[PDB]
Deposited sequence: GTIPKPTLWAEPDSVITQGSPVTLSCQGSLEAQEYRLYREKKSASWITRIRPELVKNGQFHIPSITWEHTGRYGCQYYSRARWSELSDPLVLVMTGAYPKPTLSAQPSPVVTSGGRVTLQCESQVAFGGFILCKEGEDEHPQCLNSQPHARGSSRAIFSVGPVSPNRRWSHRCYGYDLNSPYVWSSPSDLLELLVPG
């Protein structure tokens, strides 16, 4: 009856040609699990062991939006909330900078800019929680993101990525980390 939960361990953002487990968690009385991917495709039965889909080496093809259901008490459950599985590392890293400065006054805001030598369809900023930038169908070499208000009691560590609009779950190698200083 109750919709299952679908999660990824370590995370749902995975560095490339690497591995991760997708876990569909339903009733203890589940008789069968089915896992689907939209880029629906069905993840082969032999791959899903008790609702667990452990992955060997990720790829353009494994990235995308997953949902799972299980059967119990003569019903298929509803589909789980979608789990978005992203692979990183497919393109050269962009550069991440703070405009005007990564030193930010407590309660203030800053703009972080992601810039690339090769044009990308869009950019992603993640706090180490990711945000994408406006799409450009012809592509752009930079995106900007507003961050804050920043507090002195939290860490503000970000990386950015580029991606192609036709494969949005496949991202560049991450930019170098950028951390903000809130002076105290």
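In this chain the deposited sequence has gaps in the coordinates at 1-2, 42-46, 136-141, listed in sequence order.
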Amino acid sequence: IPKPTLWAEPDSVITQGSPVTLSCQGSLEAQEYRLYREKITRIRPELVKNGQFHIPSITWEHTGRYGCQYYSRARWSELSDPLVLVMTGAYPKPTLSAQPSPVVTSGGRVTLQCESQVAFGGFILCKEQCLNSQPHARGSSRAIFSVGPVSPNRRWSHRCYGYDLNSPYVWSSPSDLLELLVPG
From here on, numbers count along this sequence of modelled residues.
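Averaged over Cα atoms, the B-factor as recorded in the entry is higher for 50-58 than for the other of 64-72 and 50-58. The stretch with the higher mean CA B factor, choosing between 156-164 and 13-21, is 13-21.
Across 141, 31, 151, 132, the entry's maximum B-factor at the CA atom is seen for 151. The entry lists a Cα temperature factor for residue 106 that places it in the highest third of the chain's modelled residues. Per-chain ranking of the deposited C-alpha B factor places residue 177 in the lowest third.
Ranked by Cα temperature factor within the chain, residue 125 sits in the lowest third according to the deposited record.
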